[PDB]
Novice: 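Here it is, the structure, as structure tokens.
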Amino acid sequence: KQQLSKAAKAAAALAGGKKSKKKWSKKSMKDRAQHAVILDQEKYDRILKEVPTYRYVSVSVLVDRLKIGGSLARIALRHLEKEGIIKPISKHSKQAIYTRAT
Amino acid sequence: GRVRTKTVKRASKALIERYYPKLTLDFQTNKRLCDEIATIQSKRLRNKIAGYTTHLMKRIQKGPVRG
Amino acid sequence: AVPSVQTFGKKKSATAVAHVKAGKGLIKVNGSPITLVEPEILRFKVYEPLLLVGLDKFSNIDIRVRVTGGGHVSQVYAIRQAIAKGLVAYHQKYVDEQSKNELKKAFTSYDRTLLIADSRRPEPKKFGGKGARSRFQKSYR
Amino acid sequence: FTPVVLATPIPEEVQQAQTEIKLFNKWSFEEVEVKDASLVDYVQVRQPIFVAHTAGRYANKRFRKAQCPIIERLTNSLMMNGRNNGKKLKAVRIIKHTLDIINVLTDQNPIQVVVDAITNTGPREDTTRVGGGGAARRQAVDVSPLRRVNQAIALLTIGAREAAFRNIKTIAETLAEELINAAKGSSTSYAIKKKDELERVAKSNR
Amino acid sequence: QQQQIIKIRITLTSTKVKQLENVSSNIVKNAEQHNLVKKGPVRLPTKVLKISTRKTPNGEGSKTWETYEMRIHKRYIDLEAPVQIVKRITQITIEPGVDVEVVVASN
Amino acid sequence: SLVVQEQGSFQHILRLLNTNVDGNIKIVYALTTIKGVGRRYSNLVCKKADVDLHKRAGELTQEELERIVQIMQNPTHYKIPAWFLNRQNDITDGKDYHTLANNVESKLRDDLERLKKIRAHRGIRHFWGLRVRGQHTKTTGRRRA
Amino acid sequence: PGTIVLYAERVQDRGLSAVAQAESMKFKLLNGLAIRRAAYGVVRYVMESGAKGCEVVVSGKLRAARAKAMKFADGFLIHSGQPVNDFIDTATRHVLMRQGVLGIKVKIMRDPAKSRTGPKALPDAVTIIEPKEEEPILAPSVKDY
Amino acid sequence: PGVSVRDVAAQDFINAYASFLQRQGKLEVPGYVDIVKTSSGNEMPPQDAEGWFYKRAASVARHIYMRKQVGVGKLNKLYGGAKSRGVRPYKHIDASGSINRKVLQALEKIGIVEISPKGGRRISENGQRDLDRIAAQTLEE
Amino acid sequence: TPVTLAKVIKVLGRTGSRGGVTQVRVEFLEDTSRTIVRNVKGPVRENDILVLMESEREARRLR
RNA sequence: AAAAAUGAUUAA
RNA sequence: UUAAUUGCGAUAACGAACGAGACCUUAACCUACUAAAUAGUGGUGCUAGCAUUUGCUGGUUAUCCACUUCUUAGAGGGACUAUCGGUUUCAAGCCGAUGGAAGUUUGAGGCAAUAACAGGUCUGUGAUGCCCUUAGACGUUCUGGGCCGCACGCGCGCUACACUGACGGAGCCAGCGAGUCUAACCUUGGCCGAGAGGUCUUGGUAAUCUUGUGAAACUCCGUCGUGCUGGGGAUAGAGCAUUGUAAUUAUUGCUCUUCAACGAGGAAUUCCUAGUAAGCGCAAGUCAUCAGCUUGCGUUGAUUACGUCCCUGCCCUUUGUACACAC
Ligand SMILES: [K+]
Ligand SMILES: [K+]
Ligand SMILES: [Mg+2]
Ligand SMILES: [Mg+2]
Ligand SMILES: [Mg+2]
Ligand SMILES: [Mg+2]
Ligand SMILES: [Mg+2]
Ligand SMILES: [Mg+2]
Ligand SMILES: [Mg+2]
């Protein structure tokens, strides 16, 4: 076919090297979301108060409705199951399902 | 598609015009007859010949057939 | 001797062989009771003969199963096919067949695979692709 | 009722399922009664299944898949988005959890909720592309019952998967929320809003 | 030598199925005409030896592959015969493409 | 299942080895921010410090944080089998060492300057800015190097 | 010396061996005999020997530098299936000439009705036994000895 | 009545027996615990620093009970797994030979296994007795 | 909402540029003397029930 | 009834 | 009408041939024959170890015997769209249901016509014409280097962007293979080592041993907690080993450290209809060492469609042509 001249090949290579990274996407980022992994007194009172009347209890709903990390959600959830104010339905790792007691 | 080839068609037609009184309407004994009234190299083609023969015999029972 | 029979059940490449003989109603699989079969998300499939026919008539019969081959799920299917086949073959050989056919009716009423192994077979792979049908990515220009 | 002794102990909970088949040994298929017509004999709630896993042949015929149980049909469409091809054990476990979450958020049969979600999420009218010119057009057409229930399962599973991607909420929980939203009709669910958009487009191309 | 037992074993290895079965059947026959108790011919799984290679001698064209195969059919027979007749069976009934291997087992 | 009630004595973001270790992250993965320490080294140092592994890097008292600093400073003197370190048997003194936050890129400069001042092929490839571990360069690694 | 033997035995139906015909034709081309005569002669010899069909292909450069390939055929000659491996025998031979290399391809269909090994007829060749037509007797006419 | 370690849940049997050895405290921990990562395929040590050795000891002892004889290399192929090789695919890598060897060597020190004059390591009478005691207690947990 | 429930009684044929649309004849459930020809996207048997958002249009793309 | 231009010389 | 120049048939054609089919291999079905410590199972018949009103294991063709269900290979049987209900120039045929292991030629292949391409290969060939070269060789060997070189562009791919996840503990499962005596091949097991590995023996010329290739994806139980994060593991530093005479331009493996782009990807474009797609690994080929490749093997196992000629093409017929180097 048509061979390009050396100057044209150099121009193309230099253009490719100078070229910026054309990311072909719209990059939208959500804002910083923090959850108090450390459990202070006010958050514990909020737990002991409003965790009852919750129709559905799980790590995700504890995270969404209360700014606590998944680790604190899991340990506090098992603590509430020990206190017996929530009864289980399906017991399984990676997914917990809990409702009101009695 | 289950269109039979001319080898099956002509073998069946000759068998009908050669052993019509002995041939019987069910497949199993037409199979067990073709081994003695013919020599087919393969069991598969023997079964295909017997099946076309018994289908034509069903056709022959309710009226004649051209050819 | 003791009244006994034996059967087998087959998935893709898994095979389970069942020794079925009269006793006190003892069920084991690979020397383990069938209630311990893993996974517990598919332990129901091996429970299904126990829940369909009704374990009331399992009192006289005892079954011991040795299963090999295939994967975990393929073993589950071969076990449940083998236990169903053994139960209905023990009925055919040593019981009146009114109960044999009613078992067969209930089994076919639930799944055909309880008695008849799946005829699906692995398809050999062909050159030019990773699988039997799939091809390597063609390139033009 | 009336458990019998056995030489090998059978657990009491599974002993009660001898009476009739009980999905996950927790619900029976009796009194499901898919109420919106034109989807009967296509949503399979008559034959009971103990679990959503049975390797039956439902692809060698055109309409054979309609006889596959509706729960397993939903399960087999959760085995995605490529990395999740296979792992039907995982999909069945997710289905079991999402039905449990239905039965704890609503005093309703989860199968009833699922079939109501499918009936409410199957589009009744769509379009098709006609015209080879540069300005190609759409023509509204009716939608068969089978395609309605297939598109309903697709939109429910896809919306649950997208809502599960990159957030703290488990797939089982976001699928349960999607199913609860769809079984009543709330337009906060992906499948409802997608169906309503598509039907509106067929209306505009009528 | 004084008409005693050898605990002899005979292996037949070949690709030719018919040329293998005929010799094995003849050995079986000579057993009964000399009222000989034995183990019948145990047939090994038919070994297959495959070679897959490109058909093209150069490196051009569609990447078509071809596979060629051996089939090794094997039969081991455990015989318990006197000394004066193990030679009678081993020197006769030999066919082209088929070889006979004999080991005095002691296990 | 321990549900601990504590006052406002939780220690928020804290400084070790001239590096910002932030609380609310487990102590192992909080220490990994320091240059020269990875997940394995952080785990081993934390475990040799006789502290709990679930202290969120904010419950650590001062004294048990200087214990962990000294363990990082002298890895060998706390029964580490010495194949676990970062710089074993160096050119200068041949003593098995582990570089820390501000010293990893310093020792990197010293080693690169040494290889350049000796004109060894790896040093000259580094000076040009090419790949030194023997990779092909025809197509891959273009947009930056 | 005295245990290894070598026996040479005469080839019957020598027209049916593609190897022998290919060698003989190659010697004809070396001797200078015309290509069309050599191929038609070997075909005639094969067919008169009793083989069902014959095939001789001469590929190379015959009159001009530009290549071509004649073909000489006769009789019945199948091309696909197991009977290729069961009734077809082929030979390929190179022929040095001044201009170049000529390829000689010989393919032979031997008559299935002959020989005592393998199939004695082609697959699907169905043959029927004659009915031996007889007269029906009217009366029973039971017989005794 | 009679019960052995085949009718109990394997995972709960392993955990309970590991805690039983934890209470006995005679397993003679190797010393390089708190360091090793148990397999070349792994990239992290066990998250339970104080019991992973006891868990491995129970699992190995159970596995030896399961089979006729099992060697160190067979434990290595067992307890090994996939290894992440960065931009390369995965492959199976055997477990730490030294750890598997030390667990086995600890087993005869606690007396459960013997030389196995034909093969590798096999279960003894006293070890059998200790396992079926923990089987009885685990069953009546 | 006036949604119309109609039972198919005949499949006329496979229509469309790519053949993705079905020509069907449907009678109405409330009165079985109100036959009309419609276009259906998905697969259809006989004796299947459809839902019609507008119940008055005749399907084009005949013969 | 949407749009659709081009293709160097010689070589049975 | 068929997948078919497959047939029904019509007929200035008649009878024929090749191809298609038929054929051969291979995955399925055989409680039917032959059998088997190189495949098995069972009798616990011999001793026993454990728990205890009976189950699980150790030594079983000299510590025995019986039987081929599982396994293998010989000869076969089996399916022929069988029967039935529909439809037809009522013929070839096609659509449903019932049986059956199997009802898209049952699945997948192997072979595969005449005619041609200035298709590729003279670097596979002691296949080869002609031209060139032939002692300072374009011959053949030896040392070193290169074939890998990087401003750049493109085509196969691998790993990813994560919670349907990562990490840790445990449960625990294939099929196809291959493998030394003209010499070190496949390696059990024991011991040392974090590991990679090292050392001492063993078995296997192989359904006997590696090997039940105890593979991975998978399942359970815990840690993480939506943060380019503990996702990802590029780049780079330091050390320890193996192959090989020889490892620097890093063969590869292992340990610690560094921890980059990458937030699901514009125009555009590839493969695929059921045990298929896809995910997952394993073996073999090349191999002294080296897989991100290929050829197979099994594991887990979708969705959607049973259609059309819209796009891209193919076959037959009719037609137009100023084309035949053939739009
Ligand atoms: K695949
Ligand atoms: K050289
Ligand atoms: Mg053919
Ligand atoms: Mg494993
Ligand atoms: Mg031109
Ligand atoms: Mg190259
Ligand atoms: Mg990181
Ligand atoms: Mg390659
Ligand atoms: Mg033009």
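Heavy atoms only: backbone and side chains are in, while hydrogens, waters and symmetry mates are out. Below, chain A is the first sequence line, B the second, and so on; all start at residue 1.
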Novice: Within a 6.0 Å radius of atom NZ on C:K130, are there more than 12 heavy atoms belonging to other residues, nucleotides or ligands?
Specialist: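 No, not enclosed.
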Novice: In this structure, are over 12 heavy atoms from other groups packed under 6.0 Å from C:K126 atom NZ?
Specialist: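 Enclosed: over 12 neighbouring heavy atoms sit under 6.0 Å from NZ of C:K126.
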Novice: Listed by residue number, which members of residues 32-65 of chain E have a heavy atom under 4.5 Å from any heavy atom of chain C?
Specialist: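 Residues E:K63, E:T64, E:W65 are the ones that qualify, each having a heavy atom under 4.5 Å from chain C.
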Novice: Do any side-chain atoms of residues 80-104 of chain E form donor-acceptor pairs under 3.5 angstrom with protein atoms, and if so which ones, sequence neighbours left out?
Specialist:
{"residue": "E:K87", "atom": "NZ", "partner": "E:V83", "partner atom": "O", "Å": "2.8"}
{"residue": "E:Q91", "atom": "NE2", "partner": "E:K87", "partner atom": "O", "Å": "2.4"}
{"residue": "E:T93", "atom": "OG1", "partner": "E:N26", "partner atom": "OD1", "Å": "2.4"}

